[PDB]
Amino acid sequence: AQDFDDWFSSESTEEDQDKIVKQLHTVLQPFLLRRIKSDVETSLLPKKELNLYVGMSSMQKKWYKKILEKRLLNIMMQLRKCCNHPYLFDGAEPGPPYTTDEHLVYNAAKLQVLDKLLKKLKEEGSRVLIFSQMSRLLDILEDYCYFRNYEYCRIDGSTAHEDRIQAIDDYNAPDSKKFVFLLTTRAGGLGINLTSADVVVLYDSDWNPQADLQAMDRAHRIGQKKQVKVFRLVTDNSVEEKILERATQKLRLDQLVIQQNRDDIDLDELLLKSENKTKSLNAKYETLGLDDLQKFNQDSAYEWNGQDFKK
DNA sequence: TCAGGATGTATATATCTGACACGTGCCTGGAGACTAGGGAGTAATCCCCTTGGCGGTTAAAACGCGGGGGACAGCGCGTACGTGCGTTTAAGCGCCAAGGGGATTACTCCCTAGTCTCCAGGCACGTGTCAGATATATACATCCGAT
């Protein structure tokens, strides 16, 4: 192990990072292969990443602060919950009695952006795939979809086989009244084919970039006819930014190592600002080096606006 | 049911003996230095535990049904307990005798512990293995529900 882990794995020596160890793919080219599907058939249209940076709402603000200064362990997971929808937390939503009115969208900034974009795509007429990462979050999405009078088909770690096949077939009927079609990002194996869809909204980003790559390939898989778009909601100035940063670290690591040597927020302004942020971070991480890329800076996310590790 | 008994149940009085208050001294808790080592805070490393989600195998668990036998209700009945009365008998209470047992109370010493100072050699840890305990199958002999 240590031989590979030290000879051209992580060091701290010199500009070796891109002068020698980077050039040392000659160890690998002998026995490894991959034929880039981007240009061997040239029949698919490329991808469309439209990361959206979103800020907390008041309920998110107070809940985020509550977790920062307190069953609740694994704080890094809880902050992801609060960044998605506070209704995941017990006793957050108003009630009882429990209703399903605009008090649902009224407390989740991602869900507000999602609702606006869902209306916009619906009037365009692009049936959409939602790839959440918590099945419990799919419950709130189901409730919202029903309250907005859309119909769906949910597949996750609960539905048995026959349910999965019949739901897929129902969505893929040649004249199917299926607008939204929920799933979980790492579920369904690989046989699930949804080329008939048009948009994949990555409600959450994943630690492993290739998990989402395979996920957002469920619509980009061979056979897809028209250019597709894949949104990725991000909670600006929160843990999700750290997660996206580390995921991009790993994605560029993969590319360098292998892929070379083959209220409303006025949606348009948020789109442009988030696109500028994406360009800025891409510029930040493009120029990194192997040993430099492997640091995993592990910036403690407990402190967010000034914290003291106290309750 | 009601009047006839039998039994607690309040009530006033006198007795007493046990709880309480009071002075002494002697012993222990408090004030006051002095000091050293236990513990709080810090840094580094590694293994375990969390939270949310997924996929799969496959025995247990849930459900329904039918039928028996165990439960619970009654019916005698014939004891074996109760209740009451008379009468011994023993518990308790005093008293006699002389000792030994024991618990302070106060010196003495011996000797046997604790303390320190090296220093080897017991033991815990990290390495192999191979022998015992598995799971498998099969033949058997051995209880259980109907004549």
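Note that residue numbers begin from 1 in each chain and follow the written sequence, not necessarily the entry's scheme, while residues that lack coordinates are absent from the view. Here every chain gets a letter starting at A, and every ligand a number starting at 1, in the order they are written. Values throughout refer to the chains shown here, themselves only part of a larger assembly. As a convention, hydrogens and water are excluded, and side-chain values are obtained from all of the structure's heavy atoms.

As documented in the archive entry, the model was determined using cryo-EM at 2.98 Å resolution.

### Concerning the overall build of chain A
Stated formally: Secondary structure elements are defined from DSSP: runs of H or I of at least 4 residues count as helices, runs of E of at least 2 residues count as strands, and each element is numbered from the N terminus. All radius of gyration figures rest on C-alpha atoms, and the globule criterion is 2.2 Å times the number of residues raised to 0.38. In this scheme, a residue with accessible area under 20% of its type's maximum is buried, one over 50% is exposed, and one in between is partly exposed, where area comes from a 1.4 Å probe on protein chains only. What sets the accessible areas is the Shrake-Rupley method with a 1.4 Å probe; for residues, cover comes only from the shown protein chains. For this count, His and the chain ends are skipped, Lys and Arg are scored as positive, and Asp and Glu as negative. Taken as the charge centre is NZ of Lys, CZ of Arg, CG of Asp or CD of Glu, depending on the residue.
When you go through chain A residue by residue, the secondary structure sums to twelve helices and five strands. Scaling as 2.2 N^0.38, a compact globule of 311 residues should have a C-alpha radius of gyration of about 19 Å, and chain A matches this with 21 Å. Across its three principal axes, chain A shows a C-alpha extent of roughly 65 × 55 × 40 Å. Looking at chain A as a whole, 42% of its 311 residues are labelled buried. Surface accessibility of chain A: about 17700 Å² in total, with carbon and sulfur atoms responsible for 53%. Separation between the mean location of the 46 positive side-chain charges and that of the 51 negative ones in chain A comes to 2 Å.

### Focus on the pattern of salt bridges
Put simply, the rule is: One side-chain nitrogen of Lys or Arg within 4 Å of one carboxyl oxygen of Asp or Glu is enough to make a salt bridge.
Taken as a whole and assessed by the stated rule, the structure comprises 13 salt bridges. Two residues, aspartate 139 and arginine 154, come together in a salt bridge whose shortest N-O distance is 2.6 Å. Note that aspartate 139 is positioned in helix α6 (residues 135-147) and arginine 154 in the loop between α6 and α7 (161-171), a separation of 15 residues in sequence. On the basis of relative accessibility, which here comes to 31%, the residue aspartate 139 falls in the partly exposed class. We note a salt bridge from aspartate 206 to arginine 186, for which the minimum N-O separation is 3.4 Å. Here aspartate 206 is found in the loop between β4 (199-202) and α8 (209-215), whereas its partner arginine 186 is found in the loop between β3 (180-184) and β4, with 20 residues between them in sequence. Owing to a relative accessible area of 6%, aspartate 206 belongs among the buried residues under this scheme. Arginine 186 sits in the exposed class, given a relative accessible area of 56%. Through salt bridges that share partners, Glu102, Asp115, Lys116, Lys119 and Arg148 make up one connected network.

### Topic: the layout of surface pockets
Leftover empty space is mapped by rolling, across the atoms, a probe with the size of a water molecule. Which entries qualify depends on this criterion: With a 1 Å grid laid over protein atoms only, a set of points is called a cavity when a 1.4 Å probe fits there but cannot get out and a pocket when it is open yet has protein on both sides within 12 Å along at least five of seven lines; lining residues have an atom within 4 Å of a point. Grid points are joined across faces, edges and corners, and a volume is the space filled by probe spheres set on the points.
Empty space within the largest pocket amounts to approximately 1700 Å³. Around the largest pocket, the lining is made up of 46 residues, and of these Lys47, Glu49, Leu213, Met216 and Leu251 lie nearest the centre. Taken together, the elements giving at least two residues each to the lining of the largest pocket come down to β1 (52-54), α8, α9 (217-220), β5 (229-235), α10 (239-259) and α11 (267-286). Broken down by element, the lining of the largest pocket gets its largest block of residues, ten residues, from α10.

### Overview of a negative patch on the surface
Applicable threshold: A residue counts toward a patch only above 30% relative accessible area and without a salt bridge, and it is joined to like-charged neighbours within 9 Å or, for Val, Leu, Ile, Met, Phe, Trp and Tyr, to nonpolar neighbours within 5 Å.
Together, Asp263, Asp264, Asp266, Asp268 and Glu269 make up a negatively charged patch on the protein surface. On the secondary structure map, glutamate 269 appears in helix α11. Residue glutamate 269 is classed as partly exposed on the basis of its relative accessible area, which comes to 41%.

### Digging into the packing of helix α4 (residues 75-84) against α10
Put simply, the test is: In this analysis, axes come from line fits to C-alpha atoms, helices being fitted only over the stretch in contact, and the angle between any two N-to-C directions falls in the range 0 to 180 degrees. Working rule for angles: under 35 degrees goes down as roughly parallel, over 145 as roughly antiparallel, 65 to 115 as roughly perpendicular, anything else as oblique. Here, two residues are considered to be in contact whenever any of their heavy atoms come within 4.5 Å of each other. For this classification, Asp, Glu, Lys and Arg are treated as charged, while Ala, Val, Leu, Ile, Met, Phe, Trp, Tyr, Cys and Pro are nonpolar and the rest, including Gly, are polar.
Running from amino to carboxyl end, α4 crosses α10 at an angle of 110 degrees, the nearest separation of the two axes being 9 Å. In terms of orientation, α4 lies roughly perpendicular with respect to α10. When α4 is examined against α10, the residues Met76, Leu79, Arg80, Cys83 and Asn84 are found in contact with a partner set consisting of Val239, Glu240 and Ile243. A class-by-class count of the residues in the contact of α4 with α10 yields five nonpolar, one polar and two charged.

### Overview of the sheet that holds β1
This is how it is decided: Any two strands between which DSSP finds at least two bridges are classified as paired.
Reading across the sheet, the five strands line up as β1-β5-β4-β2-β3 and stay open at both edges, with parallel pairing between neighbours. The open sheet is flanked by β1 and β3, the only strands paired with a single partner. Recorded for the sheet is a direction-independent mean angle of 20 degrees between the axes of neighbouring strands. As judged from the four bridges shared by β4 and β5, these two strands associate in the parallel manner. Considered in β5, the bridge of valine 201 is made with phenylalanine 231. In this fold α6 packs onto β2 (128-132) and β3, with an angle of close to 170 degrees to the strand it touches most, β3.

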